[PDB]
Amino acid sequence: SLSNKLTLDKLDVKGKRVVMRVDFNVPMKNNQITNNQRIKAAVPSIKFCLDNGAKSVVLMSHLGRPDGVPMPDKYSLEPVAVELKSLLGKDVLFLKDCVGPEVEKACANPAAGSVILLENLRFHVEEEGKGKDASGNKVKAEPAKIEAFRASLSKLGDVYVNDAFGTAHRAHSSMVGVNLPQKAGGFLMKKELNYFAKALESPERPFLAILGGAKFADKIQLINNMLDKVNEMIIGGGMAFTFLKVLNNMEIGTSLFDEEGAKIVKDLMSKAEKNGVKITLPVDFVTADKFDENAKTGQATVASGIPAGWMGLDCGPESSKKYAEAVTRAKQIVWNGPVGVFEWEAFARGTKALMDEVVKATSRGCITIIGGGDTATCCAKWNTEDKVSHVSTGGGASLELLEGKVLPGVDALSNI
């Protein structure tokens, strides 16, 4: 359940040390942060702790994939501590490790109101439980070292807050290994729990799922699970061509196609019919002569077919009308996956037009939830993060939730 987890607002932090896992995995161009959003996002949790008289706030995170080896001049969090100070208006004590006796002494009983950022968790193989040595070979953490790693993290506070929903699908040390009596979701985690509880436990109706992206093979379980929650489903993006080729016998040219997933399209459509789910597929396309931002473009319908050698990189205007009709009917929407190659302007109109509709939907009271890595990048890209109900911070984690899985980091939180 996503509905019964302890959260920071219900957690007494007065005079307690708070060890908080956050997502500070920000984009970097050589030691400079290019987007400080993920850091801004954690500030509400940090400031709440400080305002309610926390003795300290100890922040732990990862950055990149150092794969269990210290890489302090490629993947240090040091830049984040500078950025954080600016955003908080408070000194951040940065430590060059996250475990060991020197860290623990820094964290044992600090000055009331202290904010500390530990070095990258993934410099230790014990965080992920595996990684790679400097020759690229597998290494596997030892049980005893995992234990000591997790014990050392657990020394750094009295209560644990997880505000790192984007890592909650990993059973890593900082997510599941912190042995403290109260383990609470932070304010970011709470929002993710509350909205996805709407998507999965008690949705407003009609409930529409908009599913796009590139690869049908990676969407099978997402589609199957959402078919037990929703009243309607839009299928777009690259995976729509697998459906269209099978069901209509469409000529799809060199559009994405999954020979294996094709063998279960009929099975998915059957389940939609058994559950009463109305499926909206695209009916027209913007085509491209190659998979390139400056491709020549054309137009196609299911009836016309896509020219041999050409690929469908976006839906067309009649698809955008059919899509907008389903959005008009919804009282709740979860959208995972753009409906065309939104990175490139000639193939982004369908995704932008659909976003405009989701924004208008929200205005009249629709609950609108964006999942995904790329669908969230879409919101950031057209500055629509505040014009929908919820943009998820966890790409892979939101997808596994929507697939029906239990997230180890969520499961590890205290109940009640």
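One rule holds for the numbers: they count along the sequence shown, beginning at 1.
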{"item": "Stretch with the greater mean C-alpha B-factor as recorded in the entry, comparing 243 to 251 against 135 to 143", "value": "135 to 143"}
{"item": "Residue stretch of maximal mean CA temperature factor, 252 to 260 vs 145 to 153", "value": "252 to 260"}
{"item": "Out of 202, 173, 231, 280, highest CA B-factor residue", "value": "202"}
{"item": "Member of 351, 61, 34, 45 with the greatest C-alpha B factor (per the PDB record)", "value": "34"}
{"item": "Chain-relative CA temperature factor third for residue 385", "value": "highest"}
{"item": "Third of chain Cα B-factors occupied by residue 26", "value": "highest"}
{"item": "Within-chain third of residue 15 by Cα B-factor, per the entry", "value": "highest"}
{"item": "Within-chain third of residue 88 by Cα B-factor, per the entry", "value": "highest"}
{"item": "CA B-factor placement of residue 276, once the chain's modelled residues are sorted into thirds", "value": "middle"}
